[PDB]
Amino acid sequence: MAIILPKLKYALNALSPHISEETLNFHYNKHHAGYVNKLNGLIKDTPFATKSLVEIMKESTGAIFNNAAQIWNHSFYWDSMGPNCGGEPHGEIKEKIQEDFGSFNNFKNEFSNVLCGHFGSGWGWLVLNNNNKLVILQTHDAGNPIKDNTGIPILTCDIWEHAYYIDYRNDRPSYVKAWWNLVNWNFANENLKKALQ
């Protein structure tokens, strides 16, 4: 199967109690795996069959896009988190956030507001925009900043209901608050360095 589900970099329970093992089980092994299985079915007998996931995402529309972009968004989501993470940013991203938001607390406040405010299925992003500045963006359904060409993804947070409904029911804000304990600044730093190159 041309497209393979990338492994999580940590155990299924590694984000607990912020996001439960049960959530990771459904979200990764059911939803995420499902988008991979679905895309592989869809790209058969198309020119997409031999393109990379990223190329498919950038060049498709309809169901192919929806599945391709979701696979990519989820992998970026999992990599945006980790055990032994969260807290204050550190390394290059700490200083960049200071420059572009004034403080980590300012960034945290605006990001949480955006994440809490998104109507329907979607994603909040920290991105390096096309003017070399960190900004917060939101996208709807499977959308992302690479497809939109609105900047280079640094971190993402999924706010589709399946991301939090097991653990928090309707209480998205509690999910967003808990997510701050999981934010992987090492990942952000890796993305920033590539982005600025």
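The first residue of the sequence shown is number 1, and the count goes up from there.
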Quick note on 39-47 and 128-136: per-entry mean CA temperature factor is higher in 39-47
When mean C-alpha B-factors in the record are compared for 119-127 and 79-87, the larger belongs to 79-87
Max C-alpha B-factor within the set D171, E59, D158, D141 falls on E59
Among the modelled residues of its chain, the C-alpha B-factor of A163 falls in the third labelled lowest
The third of the chain into which the C-alpha temperature factor of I97 falls is the middle
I154: CA temperature factor from the record, placed by chain third, in the lowest
Chain thirds by Cα B factor, record data; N73 belongs to the lowest
So, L12's CA B-factor, relative to its chain, sits in which third? The highest
